[PDB]
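Beneath this line is the structure, given in structure tokens, with notes to follow.
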Amino acid sequence: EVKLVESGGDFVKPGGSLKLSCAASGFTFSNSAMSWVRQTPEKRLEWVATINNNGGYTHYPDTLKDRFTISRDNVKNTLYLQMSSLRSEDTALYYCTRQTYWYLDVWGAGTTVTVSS
Amino acid sequence: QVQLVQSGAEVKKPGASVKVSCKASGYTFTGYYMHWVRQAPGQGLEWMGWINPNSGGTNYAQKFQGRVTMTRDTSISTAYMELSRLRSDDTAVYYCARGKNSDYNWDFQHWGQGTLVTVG
Amino acid sequence: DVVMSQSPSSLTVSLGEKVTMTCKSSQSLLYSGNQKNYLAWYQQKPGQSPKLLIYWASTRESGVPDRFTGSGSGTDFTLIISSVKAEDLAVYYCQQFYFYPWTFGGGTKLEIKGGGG
Amino acid sequence: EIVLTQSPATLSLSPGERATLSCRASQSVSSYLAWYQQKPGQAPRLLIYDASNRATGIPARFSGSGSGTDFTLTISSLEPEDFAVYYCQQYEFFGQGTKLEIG
């Protein structure tokens, strides 16, 4: 019953922008922290962003700090990831994950962001 | 409802030992860790260690390793902190603290009234 | 950032064999205040998203068979499958979640003769 | 060690003003940033937990937020009762605190 469904992935040109969406169900979304994790075509995993239950805390790796923005809507039970100035390195399958403490115990199927000419 | 009552003030000479008590009520004593935090006059909070009253295990900050002893007497829901070889900078108020919930015991929601220890 | 080195990159074994895979972090993942290793293991089956297998280095997630065992402390961690079954065919990622940014290992590709059911 | 640097060390404001208290971590570690309010003669009281969640009985004029290693405690519409010292915490580590005085 616990479930995460990402959406919003799409083909985009370098320098483009996207806002990913994640629908959470099966648990009290407003009580757990969430993160975004992407998997490159080479199958490498890279943590992208984290947000606490309230949205009052966020963190990213410094290399994605200026271009990525995580946010949530605890009424719609939705998690978001705004992406801008996309680069070729951003090509990956972007997973929506639930945090218990700071490990990821629930993963969605993911949505694909492909950046290329 | 949760209450942490500590022993009264202590006056000690340098080199002596002090033992502070912390009697808990209003919850299941063995269910929650008990932390100890001290504060010198006009200074900030300083963590000392915790004790798991269900198992008796302890953990001390490196500052106090070998000089602090934490014990518990479950039959009376009381926790103890004994600090030896007291020196002047050990003058402080010594608090016992319980966590907000067992999931994350570092959120000290419950505090004792504090016990003043004056050294030298 | 903390580097997570997994070994082997990949291996192929037969049903019932023992599998030992290691994960080494460039820095200790053990926090003295709670004596917990911030190390997790994730299993990704073919065509599926990663799933939490072990966290705190040794604690199995719900439903994970005792066949899997996580051990180690500090920097050197190990995951053992006492006797692999077909369903164990997957990639096994380790992750340190103490130091931001959270980092994953390269993964261990586990192939099993006869497929994965 | 996680060195929590709180600034300013002391601050004096008048009722109705806004206080912005900073707490910066020397290292970025997975933890739950807590804030404490210690009034004169009393033990600390849990004020904020998990960076931005208000503890029990804490009014809405107390707001906490965080971004990476930078944390902020904002006290809007200050009141005389808000006279206290405010500490931040991650695991065993505490900041030196901000002594907030109110006329």
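So you can find residues: chains in the structure tokens are A, B, ... in the order shown, residues in each start at 1, and ligands are numbered from 1 in order.
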Taking only C-alpha atoms into account, find every residue of chain A that has an atom no more than 8 Å from chain D, and write it out as a ChimeraX atom specification. /A:52,54-60,102
Keeping only C-alpha atoms, write the selected residues as a PDB file, in the first residue's frame.
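out21.pdb written:
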```pdb
ATOM      1  CA  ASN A  52      12.270  17.311   6.016  1.00  0.00           C
ATOM      2  CA  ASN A  54       7.908  20.503   7.218  1.00  0.00           C
ATOM      3  CA  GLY A  55       9.852  21.789   4.222  1.00  0.00           C
ATOM      4  CA  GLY A  56      11.791  23.984   6.650  1.00  0.00           C
ATOM      5  CA  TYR A  57      15.041  22.117   5.958  1.00  0.00           C
ATOM      6  CA  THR A  58      16.591  21.258   2.598  1.00  0.00           C
ATOM      7  CA  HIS A  59      20.009  20.164   1.400  1.00  0.00           C
ATOM      8  CA  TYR A  60      21.736  19.256  -1.854  1.00  0.00           C
ATOM      9  CA  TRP A 102      18.320   9.032   6.794  1.00  0.00           C
TER      10      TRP A 102
END
```
Could you list, as an MDAnalysis selection string, every residue of chain C that has an atom within 9 Å of an atom of chain A, counting only C-alpha atoms?
-> chainID C and resid 38:40 42 48:53 55:56 61 93 95:98 100:107
Written file, previous selection with C-alpha atoms, as a PDB file, in the first residue's frame:
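Wrote result-v3.pdb, looks like this:
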```
ATOM      1  CA  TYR C  38      25.437   4.905   9.015  1.00  0.00           C
ATOM      2  CA  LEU C  39      25.723   2.274   6.292  1.00  0.00           C
ATOM      3  CA  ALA C  40      22.923   0.844   4.159  1.00  0.00           C
ATOM      4  CA  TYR C  42      20.191  -1.657  -1.382  1.00  0.00           C
ATOM      5  CA  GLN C  48      13.034  -2.710 -10.656  1.00  0.00           C
ATOM      6  CA  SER C  49      14.044   0.275  -8.574  1.00  0.00           C
ATOM      7  CA  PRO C  50      16.496  -0.076  -5.677  1.00  0.00           C
ATOM      8  CA  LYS C  51      14.982  -1.433  -2.467  1.00  0.00           C
ATOM      9  CA  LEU C  52      16.258  -1.119   1.089  1.00  0.00           C
ATOM     10  CA  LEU C  53      17.950  -4.370   2.108  1.00  0.00           C
ATOM     11  CA  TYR C  55      20.458  -0.371   7.289  1.00  0.00           C
ATOM     12  CA  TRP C  56      22.636   0.550  10.263  1.00  0.00           C
ATOM     13  CA  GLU C  61      14.555  -4.507   6.609  1.00  0.00           C
ATOM     14  CA  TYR C  93      24.562  -0.912  -3.666  1.00  0.00           C
ATOM     15  CA  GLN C  95      25.381   3.899   0.836  1.00  0.00           C
ATOM     16  CA  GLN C  96      26.787   6.086   3.596  1.00  0.00           C
ATOM     17  CA  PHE C  97      24.141   8.441   4.993  1.00  0.00           C
ATOM     18  CA  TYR C  98      26.113  10.240   7.715  1.00  0.00           C
ATOM     19  CA  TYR C 100      26.427  15.136   3.275  1.00  0.00           C
ATOM     20  CA  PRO C 101      26.385  14.623   0.365  1.00  0.00           C
ATOM     21  CA  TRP C 102      25.133  11.062   0.784  1.00  0.00           C
ATOM     22  CA  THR C 103      27.169   8.788  -1.484  1.00  0.00           C
ATOM     23  CA  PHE C 104      26.544   5.358  -2.993  1.00  0.00           C
ATOM     24  CA  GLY C 105      29.007   2.712  -4.066  1.00  0.00           C
ATOM     25  CA  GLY C 106      29.517   1.509  -7.610  1.00  0.00           C
ATOM     26  CA  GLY C 107      27.430  -1.590  -6.933  1.00  0.00           C
TER      27      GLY C 107
END
```
TODO: For chain C, list the residues within 10 Å of chain B, counting only C-alpha atoms, and write the list as a ChimeraX atom specification.
DONE: /C:32-35
>> Using only C-alpha atoms for the distances, tell me which of A:115, A:83, A:12, A:75 is nearest to residue 24 of chain A.
In response: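 Using only C-alpha atoms, the shortest distance to residue 24 of chain A belongs to A:75.
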- Task: For residue 54 of chain D, work out the shell of residues within 12 Å, counting only C-alpha atoms and skipping chain neighbours fewer than 5 positions away, then give it as a VMD selection string.
- Result: (chain A and resid 54 56) or (chain B and resid 107 109) or (chain D and resid 33 to 37 45 to 49 59 to 65 73 to 74)
Using DSSP on the backbone, list every residue of chain C that comes out as strand (DSSP E), and give them as a PyMOL selection string.
-> chain C and resi 4-7+10-13+19-25+30-31+36-37+39-44+51-55+59-60+68-73+76-81+90-96+103-104+108-112
Could you please select, counting only C-alpha atoms, the residues of chain D within 6 Å of chain B and state them as a ChimeraX atom specification? /D:46,91-92,96
Need the shell around residue 19 of chain B: protein/DNA/RNA residues with any atom at most 12 Å away, counting only C-alpha atoms. Skip same-chain ones fewer than 2 positions apart. Format as a ChimeraX atom specification? /B:6-12,16-17,21-22,67-71,79-86,94,115-117
Item checked: Contact residues around segment 3-9 of chain A with only C-alpha atoms at 6 Å, ignoring same-chain residues under 5 positions, as a list in words -> residues 20, 21, 22, 23, 24, 25, 108, 110, 111, 112 and 113 of chain A
Go ahead and save the picked residues with N, CA and C atoms, as a PDB file, in the first residue's frame.
```pdb
ATOM      1  N   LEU A  20       9.818  17.974 -11.592  1.00  0.00           N
ATOM      2  CA  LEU A  20       9.330  16.622 -11.383  1.00  0.00           C
ATOM      3  C   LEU A  20       8.302  16.601 -10.261  1.00  0.00           C
ATOM      4  N   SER A  21       7.413  15.615 -10.319  1.00  0.00           N
ATOM      5  CA  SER A  21       6.353  15.455  -9.338  1.00  0.00           C
ATOM      6  C   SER A  21       6.345  14.022  -8.831  1.00  0.00           C
ATOM      7  N   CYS A  22       6.006  13.868  -7.553  1.00  0.00           N
ATOM      8  CA  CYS A  22       5.935  12.558  -6.917  1.00  0.00           C
ATOM      9  C   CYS A  22       4.682  12.505  -6.061  1.00  0.00           C
ATOM     10  N   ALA A  23       3.806  11.547  -6.351  1.00  0.00           N
ATOM     11  CA  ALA A  23       2.585  11.335  -5.585  1.00  0.00           C
ATOM     12  C   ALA A  23       2.834  10.243  -4.551  1.00  0.00           C
ATOM     13  N   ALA A  24       2.641  10.578  -3.279  1.00  0.00           N
ATOM     14  CA  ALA A  24       2.860   9.651  -2.179  1.00  0.00           C
ATOM     15  C   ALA A  24       1.526   9.182  -1.617  1.00  0.00           C
ATOM     16  N   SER A  25       1.457   7.899  -1.270  1.00  0.00           N
ATOM     17  CA  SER A  25       0.256   7.321  -0.687  1.00  0.00           C
ATOM     18  C   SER A  25       0.653   6.151   0.200  1.00  0.00           C
ATOM     19  N   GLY A 108      10.239   4.917  -5.566  1.00  0.00           N
ATOM     20  CA  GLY A 108       9.291   4.866  -6.656  1.00  0.00           C
ATOM     21  C   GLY A 108       9.894   4.237  -7.899  1.00  0.00           C
ATOM     22  N   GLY A 110      10.263   5.733 -10.661  1.00  0.00           N
ATOM     23  CA  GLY A 110      11.110   6.750 -11.245  1.00  0.00           C
ATOM     24  C   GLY A 110      10.508   7.353 -12.504  1.00  0.00           C
ATOM     25  N   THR A 111      11.107   8.464 -12.923  1.00  0.00           N
ATOM     26  CA  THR A 111      10.755   9.122 -14.171  1.00  0.00           C
ATOM     27  C   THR A 111      12.042   9.586 -14.835  1.00  0.00           C
ATOM     28  N   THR A 112      12.057   9.549 -16.162  1.00  0.00           N
ATOM     29  CA  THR A 112      13.284   9.716 -16.927  1.00  0.00           C
ATOM     30  C   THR A 112      13.432  11.158 -17.395  1.00  0.00           C
ATOM     31  N   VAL A 113      14.590  11.747 -17.109  1.00  0.00           N
ATOM     32  CA  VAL A 113      14.981  13.050 -17.632  1.00  0.00           C
ATOM     33  C   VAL A 113      16.164  12.828 -18.562  1.00  0.00           C
TER      34      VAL A 113
END
```
B:103, B:75, B:20, B:42 ranked by distance to chain A, top pick (using only C-alpha atoms):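 For chain A, the nearest of the given residues is B:103.
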Please list as a list in words every residue within 9 Å of residue 27 of chain D, counting only C-alpha atoms and excluding residues in the same chain fewer than 5 positions away.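 Non-adjacent residues within range: residues 99 and 100 of chain C; 1, 2, 3, 4 and 69 of chain D.
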Show me, as a list in words, the residues that have an atom within 7 Å of segment 69-86 of chain C when counting only C-alpha atoms, minus same-chain residues fewer than 5 positions from it.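 The residues that qualify are residues 15, 16, 17, 18, 19, 20, 21, 22, 23, 24, 25, 26, 27, 28, 29, 30, 37, 54, 57, 58, 112, 115, 116 and 117 of chain C.
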Take the selection from the previous step and output its residues with N, CA and C atoms, as a PDB file, in the first residue's frame.
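So the final result, stored in selection.pdb, reads:
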```pdb
ATOM      1  N   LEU C  15      23.312 -21.475  -8.335  1.00  0.00           N
ATOM      2  CA  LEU C  15      22.367 -21.563  -7.232  1.00  0.00           C
ATOM      3  C   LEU C  15      22.992 -22.281  -6.043  1.00  0.00           C
ATOM      4  N   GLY C  16      22.770 -21.728  -4.852  1.00  0.00           N
ATOM      5  CA  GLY C  16      23.225 -22.338  -3.623  1.00  0.00           C
ATOM      6  C   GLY C  16      24.601 -21.913  -3.161  1.00  0.00           C
ATOM      7  N   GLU C  17      25.381 -21.249  -4.007  1.00  0.00           N
ATOM      8  CA  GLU C  17      26.722 -20.849  -3.619  1.00  0.00           C
ATOM      9  C   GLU C  17      26.682 -19.709  -2.603  1.00  0.00           C
ATOM     10  N   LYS C  18      27.818 -19.505  -1.946  1.00  0.00           N
ATOM     11  CA  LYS C  18      28.002 -18.398  -1.021  1.00  0.00           C
ATOM     12  C   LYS C  18      28.569 -17.200  -1.771  1.00  0.00           C
ATOM     13  N   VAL C  19      28.029 -16.018  -1.482  1.00  0.00           N
ATOM     14  CA  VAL C  19      28.466 -14.778  -2.111  1.00  0.00           C
ATOM     15  C   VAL C  19      28.896 -13.812  -1.019  1.00  0.00           C
ATOM     16  N   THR C  20      30.087 -13.237  -1.178  1.00  0.00           N
ATOM     17  CA  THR C  20      30.626 -12.261  -0.240  1.00  0.00           C
ATOM     18  C   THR C  20      31.024 -11.022  -1.025  1.00  0.00           C
ATOM     19  N   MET C  21      30.402  -9.892  -0.701  1.00  0.00           N
ATOM     20  CA  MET C  21      30.691  -8.619  -1.344  1.00  0.00           C
ATOM     21  C   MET C  21      31.020  -7.595  -0.271  1.00  0.00           C
ATOM     22  N   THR C  22      32.006  -6.749  -0.551  1.00  0.00           N
ATOM     23  CA  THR C  22      32.513  -5.797   0.422  1.00  0.00           C
ATOM     24  C   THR C  22      32.221  -4.369  -0.019  1.00  0.00           C
ATOM     25  N   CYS C  23      32.136  -3.480   0.968  1.00  0.00           N
ATOM     26  CA  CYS C  23      31.955  -2.052   0.738  1.00  0.00           C
ATOM     27  C   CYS C  23      32.866  -1.313   1.702  1.00  0.00           C
ATOM     28  N   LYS C  24      33.735  -0.462   1.167  1.00  0.00           N
ATOM     29  CA  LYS C  24      34.717   0.261   1.963  1.00  0.00           C
ATOM     30  C   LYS C  24      34.521   1.757   1.777  1.00  0.00           C
ATOM     31  N   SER C  25      34.397   2.472   2.889  1.00  0.00           N
ATOM     32  CA  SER C  25      34.225   3.917   2.880  1.00  0.00           C
ATOM     33  C   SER C  25      35.556   4.594   3.174  1.00  0.00           C
ATOM     34  N   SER C  26      35.790   5.733   2.520  1.00  0.00           N
ATOM     35  CA  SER C  26      37.014   6.488   2.747  1.00  0.00           C
ATOM     36  C   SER C  26      37.087   7.073   4.151  1.00  0.00           C
ATOM     37  N   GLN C  27      35.975   7.101   4.883  1.00  0.00           N
ATOM     38  CA  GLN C  27      35.949   7.629   6.239  1.00  0.00           C
ATOM     39  C   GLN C  27      35.028   6.770   7.093  1.00  0.00           C
ATOM     40  N   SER C  28      35.325   6.722   8.389  1.00  0.00           N
ATOM     41  CA  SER C  28      34.507   5.946   9.309  1.00  0.00           C
ATOM     42  C   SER C  28      33.072   6.457   9.307  1.00  0.00           C
ATOM     43  N   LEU C  29      32.124   5.521   9.292  1.00  0.00           N
ATOM     44  CA  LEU C  29      30.704   5.840   9.333  1.00  0.00           C
ATOM     45  C   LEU C  29      30.095   5.602  10.707  1.00  0.00           C
ATOM     46  N   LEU C  30      30.922   5.421  11.734  1.00  0.00           N
ATOM     47  CA  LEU C  30      30.458   5.118  13.081  1.00  0.00           C
ATOM     48  C   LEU C  30      30.481   6.390  13.919  1.00  0.00           C
ATOM     49  N   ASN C  37      26.596   2.586  12.890  1.00  0.00           N
ATOM     50  CA  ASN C  37      27.232   2.738  11.587  1.00  0.00           C
ATOM     51  C   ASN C  37      26.180   3.181  10.578  1.00  0.00           C
ATOM     52  N   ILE C  54      19.437  -3.599   3.884  1.00  0.00           N
ATOM     53  CA  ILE C  54      19.990  -3.534   5.232  1.00  0.00           C
ATOM     54  C   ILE C  54      20.313  -2.083   5.555  1.00  0.00           C
ATOM     55  N   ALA C  57      24.043  -0.922   8.932  1.00  0.00           N
ATOM     56  CA  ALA C  57      25.133  -1.849   8.642  1.00  0.00           C
ATOM     57  C   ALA C  57      24.723  -3.311   8.781  1.00  0.00           C
ATOM     58  N   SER C  58      23.860  -3.629   9.752  1.00  0.00           N
ATOM     59  CA  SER C  58      23.537  -5.019  10.050  1.00  0.00           C
ATOM     60  C   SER C  58      22.052  -5.317  10.216  1.00  0.00           C
ATOM     61  N   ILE C 112      23.352 -15.074 -11.582  1.00  0.00           N
ATOM     62  CA  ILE C 112      23.145 -16.437 -11.107  1.00  0.00           C
ATOM     63  C   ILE C 112      22.772 -17.309 -12.297  1.00  0.00           C
ATOM     64  N   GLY C 115      19.136 -17.719 -14.455  1.00  0.00           N
ATOM     65  CA  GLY C 115      18.277 -16.561 -14.343  1.00  0.00           C
ATOM     66  C   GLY C 115      17.831 -16.297 -12.917  1.00  0.00           C
ATOM     67  N   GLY C 116      16.879 -15.374 -12.800  1.00  0.00           N
ATOM     68  CA  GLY C 116      16.351 -14.987 -11.507  1.00  0.00           C
ATOM     69  C   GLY C 116      14.855 -15.193 -11.379  1.00  0.00           C
ATOM     70  N   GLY C 117      14.352 -16.288 -11.939  1.00  0.00           N
ATOM     71  CA  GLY C 117      12.937 -16.605 -11.860  1.00  0.00           C
ATOM     72  C   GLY C 117      12.046 -15.498 -12.391  1.00  0.00           C
TER      73      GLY C 117
END
```
Item to check | Counting only C-alpha atoms, the residue of C:3, C:31, C:68, C:8 that sits nearest chain D | outcome: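 Going through C:3, C:31, C:68, C:8 one by one, the smallest distance to chain D is for C:31.
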* **Which of chain B fall in helix (DSSP H, G or I), as a PyMOL selection string** => chain B and resi 29-31+62-64+74-76+88-90
